[PDB]
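Okay, entry.txt is below, compact mmCIF, C-alpha atoms and all ligand atoms:
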```txt
# COMPACT_ATOMS: atom_id res chain seq x y z
CA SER W 576 0.00 0.00 0.00
CA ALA W 577 1.34 3.37 -1.09
CA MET W 578 -0.11 5.52 1.68
CA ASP W 579 1.18 3.43 4.57
CA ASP W 580 4.73 3.66 3.16
CA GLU W 581 4.35 7.36 2.54
CA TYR W 582 3.12 7.59 6.15
CA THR W 583 6.04 5.57 7.51
CA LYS W 584 8.61 7.96 6.02
CA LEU W 585 6.61 11.08 6.80
CA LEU W 586 6.39 9.99 10.47
CA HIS W 587 9.78 8.42 11.16
CA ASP W 588 12.18 10.35 8.91
CA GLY W 589 11.82 13.76 10.49
CA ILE W 590 10.45 17.12 9.39
CA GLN W 591 12.47 19.11 6.85
CA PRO W 592 13.24 22.72 7.82
CA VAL W 593 11.16 25.14 5.75
CA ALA W 594 14.27 26.89 4.36
CA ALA W 595 15.41 23.58 2.88
CA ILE W 596 12.19 23.46 0.87
CA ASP W 597 13.04 26.76 -0.78
CA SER W 598 15.12 29.76 0.24
CA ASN W 599 12.20 32.05 -0.59
CA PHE W 600 9.53 29.66 0.71
CA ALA W 601 8.21 32.31 3.10
CA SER W 602 8.06 35.11 0.51
CA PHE W 603 4.97 36.52 -1.18
CA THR W 604 6.95 36.07 -4.44
CA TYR W 605 7.26 32.30 -4.02
CA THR W 606 5.01 30.07 -6.16
CA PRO W 607 4.05 26.95 -4.15
CA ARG W 608 2.81 25.27 -7.34
CA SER W 609 6.55 25.00 -8.20
CA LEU W 610 6.93 22.42 -5.46
CA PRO W 611 6.66 18.83 -6.74
CA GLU W 612 3.43 17.26 -5.54
CA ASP W 613 5.38 14.41 -3.91
CA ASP W 614 6.99 17.03 -1.59
CA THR W 615 3.82 18.77 -0.54
CA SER W 616 2.86 16.63 2.47
CA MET W 617 6.32 17.14 3.95
CA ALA W 618 5.98 20.88 3.31
CA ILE W 619 2.62 20.93 5.12
CA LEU W 620 4.36 19.36 8.13
CA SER W 621 7.19 21.86 7.81
CA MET W 622 4.80 24.82 7.84
CA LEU W 623 2.84 23.45 10.81
CA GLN W 624 6.11 23.08 12.66
CA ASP W 625 7.41 26.53 11.66
CA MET W 626 4.15 28.18 12.76
CA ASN W 627 4.66 26.31 16.08
CA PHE W 628 1.22 24.66 15.96
CA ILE W 629 2.66 21.21 16.58
CA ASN W 630 4.30 22.31 19.80
CA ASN W 631 1.70 24.81 21.00
CA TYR W 632 -1.15 22.35 20.63
CA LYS W 633 0.90 19.21 21.45
CA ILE W 634 -0.24 17.53 18.24
CA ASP W 635 0.41 13.81 18.12
CA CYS W 636 2.88 13.25 15.28
CA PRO W 637 1.55 9.88 14.05
CA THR W 638 -1.95 11.38 14.08
CA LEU W 639 -0.81 14.49 12.22
CA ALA W 640 1.06 12.50 9.55
CA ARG W 641 -2.00 10.33 8.96
CA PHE W 642 -4.26 13.39 8.94
CA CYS W 643 -2.21 15.28 6.34
CA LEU W 644 -2.09 12.26 4.02
CA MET W 645 -5.79 11.60 4.47
CA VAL W 646 -6.52 15.25 3.55
CA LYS W 647 -4.29 15.02 0.44
CA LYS W 648 -5.98 11.76 -0.58
CA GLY W 649 -9.38 13.41 -0.01
CA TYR W 650 -8.96 15.51 -3.17
CA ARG W 651 -9.83 14.24 -6.64
CA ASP W 652 -8.04 15.31 -9.82
CA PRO W 653 -10.17 17.88 -11.69
CA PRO W 654 -8.12 20.49 -13.55
CA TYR W 655 -8.26 23.14 -10.78
CA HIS W 656 -9.89 21.90 -7.54
CA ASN W 657 -7.30 19.28 -6.66
CA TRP W 658 -4.74 18.80 -3.88
CA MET W 659 -2.23 21.25 -5.43
CA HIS W 660 -4.88 23.96 -5.13
CA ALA W 661 -5.51 23.16 -1.47
CA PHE W 662 -1.72 23.07 -0.90
CA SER W 663 -1.14 26.48 -2.55
CA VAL W 664 -4.08 27.92 -0.58
CA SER W 665 -2.57 26.57 2.68
CA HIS W 666 0.83 27.94 1.69
CA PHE W 667 -0.64 31.41 1.28
CA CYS W 668 -2.09 31.10 4.79
CA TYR W 669 1.46 30.36 5.93
CA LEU W 670 2.68 33.45 4.03
CA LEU W 671 0.09 35.64 5.79
CA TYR W 672 1.32 34.25 9.11
CA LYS W 673 5.01 34.87 8.26
CA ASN W 674 4.51 38.31 6.72
CA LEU W 675 1.57 40.04 8.47
CA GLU W 676 1.62 39.49 12.30
CA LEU W 677 -1.77 37.77 12.50
CA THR W 678 -1.28 37.37 16.25
CA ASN W 679 -2.05 41.07 16.64
CA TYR W 680 -5.53 40.45 15.22
CA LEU W 681 -6.46 36.84 15.84
CA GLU W 682 -6.35 34.29 18.62
CA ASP W 683 -3.86 31.43 18.26
CA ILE W 684 -6.67 28.93 17.81
CA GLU W 685 -8.26 31.01 15.04
CA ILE W 686 -4.99 31.16 13.11
CA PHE W 687 -4.66 27.38 13.58
CA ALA W 688 -8.24 26.82 12.38
CA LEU W 689 -7.61 29.04 9.36
CA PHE W 690 -4.67 26.92 8.20
CA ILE W 691 -6.38 23.56 8.74
CA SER W 692 -9.45 24.96 6.99
CA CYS W 693 -7.27 25.92 4.00
CA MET W 694 -6.00 22.32 3.75
CA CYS W 695 -9.59 20.96 3.87
CA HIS W 696 -11.65 23.67 2.23
CA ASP W 697 -12.27 22.00 -1.17
CA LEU W 698 -12.20 18.36 -0.07
CA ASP W 699 -13.74 15.87 -2.57
CA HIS W 700 -14.48 18.62 -5.11
CA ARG W 701 -15.81 17.03 -8.31
CA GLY W 702 -15.06 19.99 -10.58
CA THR W 703 -18.61 21.33 -10.51
CA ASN W 704 -20.18 24.27 -8.69
CA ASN W 705 -23.19 24.62 -6.40
CA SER W 706 -25.77 25.32 -9.08
CA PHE W 707 -24.73 22.13 -10.86
CA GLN W 708 -25.37 20.13 -7.70
CA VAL W 709 -28.98 21.24 -7.66
CA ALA W 710 -29.40 21.13 -11.44
CA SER W 711 -28.11 17.57 -11.65
CA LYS W 712 -29.93 16.57 -8.44
CA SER W 713 -26.78 15.14 -6.94
CA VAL W 714 -26.57 13.42 -3.59
CA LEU W 715 -24.84 16.53 -2.23
CA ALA W 716 -27.81 18.73 -3.20
CA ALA W 717 -30.15 16.17 -1.66
CA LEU W 718 -28.25 16.63 1.61
CA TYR W 719 -27.61 20.36 1.65
CA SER W 720 -29.57 22.36 -0.97
CA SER W 721 -32.09 23.56 1.64
CA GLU W 722 -29.21 25.29 3.44
CA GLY W 723 -27.21 26.51 0.46
CA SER W 724 -23.43 26.41 -0.08
CA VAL W 725 -23.80 22.76 -1.03
CA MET W 726 -20.19 22.03 -2.02
CA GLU W 727 -18.76 23.93 0.97
CA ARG W 728 -21.03 22.06 3.37
CA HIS W 729 -19.71 18.88 1.77
CA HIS W 730 -16.06 20.00 2.14
CA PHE W 731 -16.65 20.63 5.81
CA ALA W 732 -18.42 17.29 6.29
CA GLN W 733 -15.48 15.58 4.60
CA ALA W 734 -13.02 17.34 6.94
CA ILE W 735 -15.08 16.06 9.86
CA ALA W 736 -15.18 12.55 8.38
CA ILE W 737 -11.38 12.58 8.22
CA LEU W 738 -11.16 13.71 11.87
CA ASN W 739 -13.64 10.98 12.81
CA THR W 740 -11.41 8.39 11.13
CA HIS W 741 -9.49 6.34 13.70
CA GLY W 742 -5.96 7.61 14.20
CA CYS W 743 -6.70 10.89 12.39
CA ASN W 744 -8.19 13.25 14.94
CA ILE W 745 -5.41 15.77 15.50
CA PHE W 746 -7.69 17.56 18.01
CA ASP W 747 -8.89 14.66 20.14
CA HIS W 748 -6.83 15.67 23.18
CA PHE W 749 -8.27 19.21 23.09
CA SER W 750 -10.38 20.39 26.01
CA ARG W 751 -14.06 20.19 25.16
CA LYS W 752 -14.37 23.98 24.86
CA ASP W 753 -11.40 24.04 22.45
CA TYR W 754 -12.58 21.05 20.43
CA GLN W 755 -16.01 22.59 19.98
CA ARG W 756 -14.36 25.91 19.15
CA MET W 757 -12.04 24.45 16.45
CA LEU W 758 -14.88 22.65 14.72
CA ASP W 759 -17.07 25.74 14.82
CA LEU W 760 -14.23 27.79 13.32
CA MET W 761 -13.65 25.20 10.60
CA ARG W 762 -17.36 25.37 9.77
CA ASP W 763 -17.39 29.16 9.52
CA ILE W 764 -14.17 29.42 7.54
CA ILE W 765 -14.92 26.68 5.05
CA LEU W 766 -18.47 28.05 4.53
CA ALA W 767 -16.87 31.43 3.89
CA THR W 768 -15.16 30.01 0.73
CA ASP W 769 -18.54 30.21 -1.04
CA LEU W 770 -18.13 33.40 -3.08
CA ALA W 771 -21.89 34.05 -2.70
CA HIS W 772 -21.08 34.43 0.98
CA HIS W 773 -18.12 36.73 0.37
CA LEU W 774 -20.30 38.92 -1.85
CA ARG W 775 -23.00 38.97 0.86
CA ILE W 776 -20.56 40.16 3.57
CA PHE W 777 -18.36 42.43 1.41
CA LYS W 778 -20.04 45.58 2.76
CA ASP W 779 -19.43 44.40 6.34
CA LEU W 780 -15.82 43.86 5.34
CA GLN W 781 -15.63 47.40 4.01
CA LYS W 782 -17.25 48.86 7.13
CA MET W 783 -14.73 46.99 9.26
CA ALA W 784 -11.78 48.23 7.22
CA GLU W 785 -13.15 51.78 7.32
CA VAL W 786 -13.77 52.03 11.06
CA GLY W 787 -10.58 50.09 11.79
CA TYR W 788 -9.98 46.58 13.13
CA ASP W 789 -11.13 46.08 16.74
CA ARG W 790 -9.41 43.05 18.26
CA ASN W 791 -11.98 43.14 21.09
CA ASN W 792 -14.79 42.84 18.55
CA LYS W 793 -15.82 39.22 18.05
CA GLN W 794 -17.58 40.12 14.79
CA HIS W 795 -14.33 41.62 13.55
CA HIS W 796 -12.56 38.32 14.23
CA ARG W 797 -15.21 36.43 12.25
CA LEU W 798 -15.16 38.89 9.38
CA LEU W 799 -11.38 38.93 9.21
CA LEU W 800 -11.19 35.13 9.11
CA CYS W 801 -13.59 35.18 6.15
CA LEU W 802 -11.53 37.80 4.27
CA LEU W 803 -8.26 35.96 5.01
CA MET W 804 -9.71 32.65 3.85
CA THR W 805 -10.93 34.20 0.60
CA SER W 806 -7.52 35.83 0.21
CA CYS W 807 -5.91 32.40 0.42
CA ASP W 808 -8.46 30.88 -1.98
CA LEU W 809 -7.72 33.42 -4.72
CA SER W 810 -4.01 33.73 -4.00
CA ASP W 811 -3.00 32.40 -7.44
CA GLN W 812 -3.84 35.92 -8.64
CA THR W 813 -1.07 37.43 -6.48
CA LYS W 814 1.81 35.73 -8.23
CA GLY W 815 3.27 36.39 -11.70
CA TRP W 816 1.49 36.51 -15.06
CA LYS W 817 2.45 32.92 -15.76
CA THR W 818 0.59 31.73 -12.69
CA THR W 819 -2.56 33.67 -13.58
CA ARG W 820 -2.42 32.40 -17.18
CA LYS W 821 -2.08 28.73 -16.18
CA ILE W 822 -4.72 28.94 -13.48
CA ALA W 823 -7.13 30.61 -15.92
CA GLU W 824 -6.53 27.63 -18.18
CA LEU W 825 -7.23 25.13 -15.41
CA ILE W 826 -10.29 27.02 -14.25
CA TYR W 827 -11.91 27.24 -17.68
CA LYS W 828 -11.05 23.61 -18.46
CA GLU W 829 -13.07 22.77 -15.37
CA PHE W 830 -15.86 25.30 -16.16
CA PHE W 831 -16.31 24.21 -19.78
CA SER W 832 -16.35 20.55 -18.72
CA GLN W 833 -19.27 21.34 -16.43
CA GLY W 834 -20.89 23.36 -19.22
CA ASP W 835 -20.65 20.39 -21.57
CA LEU W 836 -22.46 18.28 -18.98
CA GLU W 837 -25.11 20.96 -18.57
CA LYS W 838 -25.76 20.96 -22.33
CA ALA W 839 -26.08 17.17 -22.28
CA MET W 840 -28.71 17.66 -19.55
CA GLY W 841 -30.59 20.04 -21.85
CA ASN W 842 -29.83 23.13 -19.76
CA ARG W 843 -28.19 26.39 -20.83
CA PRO W 844 -24.87 26.83 -18.98
CA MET W 845 -23.83 30.24 -17.70
CA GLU W 846 -21.87 32.16 -20.32
CA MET W 847 -18.61 31.61 -18.43
CA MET W 848 -19.33 27.83 -18.48
CA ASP W 849 -20.07 27.66 -22.20
CA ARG W 850 -17.00 26.96 -24.32
CA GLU W 851 -18.87 28.26 -27.38
CA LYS W 852 -19.64 31.66 -25.81
CA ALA W 853 -17.07 32.36 -23.07
CA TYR W 854 -14.54 35.04 -23.95
CA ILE W 855 -11.82 34.33 -21.43
CA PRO W 856 -10.04 37.72 -21.39
CA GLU W 857 -13.13 39.77 -20.48
CA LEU W 858 -14.30 37.08 -18.06
CA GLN W 859 -10.96 37.10 -16.25
CA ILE W 860 -10.85 40.87 -16.23
CA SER W 861 -14.37 40.90 -14.74
CA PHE W 862 -13.36 38.41 -12.05
CA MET W 863 -10.29 40.44 -11.16
CA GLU W 864 -12.11 43.80 -11.16
CA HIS W 865 -15.29 42.71 -9.41
CA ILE W 866 -13.97 40.05 -7.07
CA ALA W 867 -10.18 39.62 -6.72
CA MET W 868 -8.96 43.23 -6.68
CA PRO W 869 -11.47 44.48 -4.05
CA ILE W 870 -10.52 41.58 -1.76
CA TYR W 871 -6.81 42.47 -1.82
CA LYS W 872 -7.65 46.14 -1.60
CA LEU W 873 -9.40 45.34 1.70
CA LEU W 874 -6.42 43.22 2.77
CA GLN W 875 -4.06 46.13 2.09
CA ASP W 876 -6.43 48.47 3.94
CA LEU W 877 -6.26 46.28 7.02
CA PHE W 878 -2.62 45.17 6.62
CA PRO W 879 -0.37 47.82 5.05
CA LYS W 880 2.25 45.13 4.44
CA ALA W 881 -0.26 43.45 2.06
CA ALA W 882 0.05 46.37 -0.38
CA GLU W 883 2.28 44.41 -2.75
CA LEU W 884 -0.38 41.71 -3.10
CA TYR W 885 -2.99 44.17 -4.41
CA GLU W 886 -0.56 45.84 -6.84
CA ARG W 887 0.33 42.38 -8.14
CA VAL W 888 -3.33 41.51 -8.78
CA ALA W 889 -3.87 44.94 -10.35
CA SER W 890 -0.81 44.40 -12.57
CA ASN W 891 -1.98 40.94 -13.63
CA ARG W 892 -5.37 42.44 -14.60
CA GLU W 893 -3.47 44.92 -16.76
CA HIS W 894 -1.69 42.00 -18.48
CA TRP W 895 -5.00 40.39 -19.41
CA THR W 896 -5.96 43.63 -21.13
CA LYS W 897 -2.63 43.67 -22.98
CA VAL W 898 -2.90 40.10 -24.29
CA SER W 899 -6.61 40.21 -25.13
CA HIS W 900 -5.94 41.07 -28.77
CA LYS W 901 -4.23 37.68 -29.17
CA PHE W 902 -7.66 36.05 -28.88
CA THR W 903 -8.57 37.60 -32.22
CA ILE W 904 -7.25 35.61 -35.18
CA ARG W 905 -5.34 37.85 -37.53
CA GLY W 906 -3.93 36.69 -40.83
CA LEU W 907 -4.53 32.98 -41.31
CA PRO W 908 -4.39 30.46 -38.47
CA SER W 909 -1.08 28.60 -38.03
CA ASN W 910 -2.09 25.88 -40.51
CA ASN W 911 -2.81 28.42 -43.28
CA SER W 912 -6.28 26.93 -43.54
CA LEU W 913 -9.75 28.44 -43.29
CA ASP W 914 -11.23 24.92 -42.95
CA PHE W 915 -12.26 25.68 -39.36
CA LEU W 916 -14.94 28.03 -40.73
CA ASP W 917 -16.74 24.87 -41.89
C1 LIG W 1001 -9.21 32.63 -11.79
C2 LIG W 1001 -10.61 32.47 -11.29
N1 LIG W 1001 -11.62 32.88 -11.99
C3 LIG W 1001 -12.91 32.71 -11.48
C4 LIG W 1001 -13.98 33.16 -12.24
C5 LIG W 1001 -15.27 33.03 -11.78
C6 LIG W 1001 -15.48 32.43 -10.56
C7 LIG W 1001 -16.82 32.29 -10.03
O1 LIG W 1001 -17.21 31.29 -9.44
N2 LIG W 1001 -17.49 33.47 -10.24
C8 LIG W 1001 -18.85 33.65 -9.79
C9 LIG W 1001 -19.43 34.88 -10.44
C10 LIG W 1001 -20.83 35.14 -9.91
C11 LIG W 1001 -20.76 35.35 -8.41
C12 LIG W 1001 -20.20 34.12 -7.75
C13 LIG W 1001 -21.06 32.93 -8.08
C14 LIG W 1001 -21.12 32.72 -9.57
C15 LIG W 1001 -21.69 33.95 -10.22
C16 LIG W 1001 -19.72 32.47 -10.11
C17 LIG W 1001 -18.81 33.85 -8.29
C18 LIG W 1001 -14.45 31.97 -9.78
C19 LIG W 1001 -13.17 32.12 -10.26
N3 LIG W 1001 -12.07 31.67 -9.52
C20 LIG W 1001 -11.91 31.03 -8.32
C21 LIG W 1001 -12.90 30.45 -7.42
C22 LIG W 1001 -12.99 30.86 -6.10
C23 LIG W 1001 -13.89 30.27 -5.24
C24 LIG W 1001 -14.70 29.25 -5.68
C25 LIG W 1001 -14.61 28.82 -6.98
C26 LIG W 1001 -13.71 29.42 -7.84
CL1 LIG W 1001 -13.68 28.80 -9.46
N4 LIG W 1001 -10.62 30.87 -8.11
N5 LIG W 1001 -9.92 31.40 -9.17
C27 LIG W 1001 -10.80 31.85 -10.02
MG MG W 1002 -14.47 25.85 -2.85
ZN ZN W 1003 -10.60 26.69 -3.17
```

For this file, write the structure as structure tokens.
Amino acid sequence: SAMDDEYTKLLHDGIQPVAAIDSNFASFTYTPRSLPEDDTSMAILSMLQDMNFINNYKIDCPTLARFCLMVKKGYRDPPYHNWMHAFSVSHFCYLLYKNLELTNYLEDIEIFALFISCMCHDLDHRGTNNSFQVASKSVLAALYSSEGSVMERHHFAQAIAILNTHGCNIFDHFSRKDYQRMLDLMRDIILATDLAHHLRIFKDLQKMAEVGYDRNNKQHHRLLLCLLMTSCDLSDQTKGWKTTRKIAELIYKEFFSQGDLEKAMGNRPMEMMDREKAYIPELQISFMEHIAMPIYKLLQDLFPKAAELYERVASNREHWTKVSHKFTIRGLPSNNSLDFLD
């Protein structure tokens, strides 16, 4: 069995120092997707160690090793919502910790919950969104459609299922107040990854940024966790052009695959899901203008050291504008043929 041997090394070999992973591993300029997938579970352990969670919370190391592997194995392989996404999201959480002084805003246990939630937040994603669950009358919709955020409720339930798996509950020694607290936080944070939810609370996020963060305000803690989570989720937009280009490719591969299924079901996909109608440059520009840039603007507003993240997203949006003309075919196509018009 592969996993048990991967577990045996991961447990008995020792945890690699984060600097050995990459000299810039803790920089906002580092691209975690550069790390070979076979190195990612070790890197998760390294980050947990470097953030001092393992020591602070006295996490059992066999339990933690099993948990991390179980979480990795809990992702399928659609083009975008796979383990490497969850890993890069978690890595960004680690970046926020190393670069922004979260401990001035958040309790230790909240920061811990944020990171674990990042690892788990898209568990068992099938490459389809919430509307598709209802449209296709999936089992997940049958469970959760009356509450909404179907996929995110499922991700959370899957995280819980992993914790409830023997030898995997990294929290089982917690006091009952802390155990209850961690699971409540995981619920809130994972549910916050539904963009419908972000869009609902965006004005509360603005109000908070405008009046200024109040560490004595429990609502401010909740709101900030939501914003940080979303910041991790979209953090591919904060790297270089190449990262944004590739991730747009993975995203639309996934979207158009869903759209193809919708057409087979006799439904009209959303424009952005329809490979015959979607114009990727304007769609990506819309996403960056209406969703990604405001999120990092808020992040910068709350954390002045996050300024570079916003300017990076803004710059990447500019690049989409600059390359948009390449989506128009000028001259003949590469094969010198107009056959494709037929
Ligand atoms: C690069 C990139 N583009 C993205 C373009 C579009 C959408 C997207 O779901 N847009 C919306 C647009 C309106 C209002 C809501 C609900 C629906 C209608 C669909 C959101 C997401 C995009 N996205 C994400 C991402 C983040 C969280 C969950 C799922 C995903 Cl896919 N991560 N990266 C990207
Ligand atoms: Mg998700
Ligand atoms: Zn995600």

Rank W:833, W:910, W:768, W:631 by their smallest atom-to-atom distance to ligand ZN 1003 (chain W), using all atoms listed in the file, and report the top residue only.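 Of all the options, W:768 lies closest to ligand ZN 1003 (chain W).
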
What residues have any atom no more than 10 Å from ligand LIG 1001 (chain W) when counting all atoms listed in the file, and can you list them as a ChimeraX atom specification? /W:655-656,660,697,702-706,726-727,767-774,805-812,818-827,829-830,845,847-848,855,858-863,865-867

For residue 692 (chain W), the nearest of the candidates W:665, W:813, W:708, W:832, counting all atoms listed in the file: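 Smallest separation from residue 692 (chain W) among the options: W:665.
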
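Closest approach to ligand MG 1002 (chain W) among W:647, W:894, W:880, W:730: W:730, based on all atoms listed in the file.
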
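If you measure from each of W:673, W:651, W:700, W:741 to ligand ZN 1003 (chain W) using all atoms listed in the file, the closest one turns out to be W:700.
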
Considering all atoms listed in the file, state which residue in the set W:755, W:842, W:899, W:724 is at the smallest distance from ligand MG 1002 (chain W).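 Going through W:755, W:842, W:899, W:724 one by one, the smallest distance to ligand MG 1002 (chain W) is for W:724.
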
Which is closer to ligand MG 1002 (chain W) than all the others in W:596, W:694, W:717, W:898, using only C-alpha atoms and all ligand atoms?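 Closest candidate: W:694.
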
Work out how far apart CA of residue 725 (chain W) and CA of residue 831 (chain W) are and give it in Å to one decimal. 20.2 Å

For residue 868 (chain W), please output as a count of residues only all residues within 8 Å (counting all atoms listed in the file; exclusion window: fewer than 3 positions along the same chain). 8

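Non-sequential neighbours of residue 878 (chain W) (distance at most 10 Å, separation of 5 or more positions within a chain, only C-alpha atoms) are residues 671, 674, 675, 676, 677, 784, 788, 871, 872 and 873 of chain W.
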
Dig up all the protein and nucleic acid residues within 12 Å of (6.0, 20.4, -8.2) in the file frame, using only C-alpha atoms, and format them as a PyMOL selection string. chain W and resi 596+606-616+618+658-660+662-663

Could you check how far CA of residue 582 (chain W) sits from CA of residue 640 (chain W), in Å to one decimal?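 Those two atoms sit 6.3 Å apart.
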
What gap, in Å, lies between CA of residue 709 (chain W) and CA of residue 721 (chain W)?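 Taking CA of residue 709 (chain W) as the start and CA of residue 721 (chain W) as the end point, the length is 10.1 Å.
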
To test the calculation: enclose all listed atoms of region 877-894 of chain W in a box whose edges run along x, y and z, add 6 Å on each side, then state centre and edge lengths in Å to one decimal, as lines of an AutoDock Vina configuration file.
```
center_x = -2.0
center_y = 44.4
center_z = -5.7
size_x = 20.5
size_y = 18.9
size_z = 37.5
```

For residue 742 (chain W), find every residue with an atom within 12 Å (counting all atoms listed in the file), except residues of its own chain fewer than 2 positions away, and show them as a list in words.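 After dropping sequence-adjacent residues, the list is residues 635, 636, 637, 638, 639, 640, 641, 642, 643, 644, 645, 736, 737, 738, 739, 740, 744, 745, 746 and 747 of chain W.
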
What's around region 619-625 of chain W at 7 Å? Count all atoms listed in the file, leave out sequence neighbours fewer than 2 positions away in its own chain, and write the answer as a PyMOL selection string. chain W and resi 590-593+615-617+627-629+669
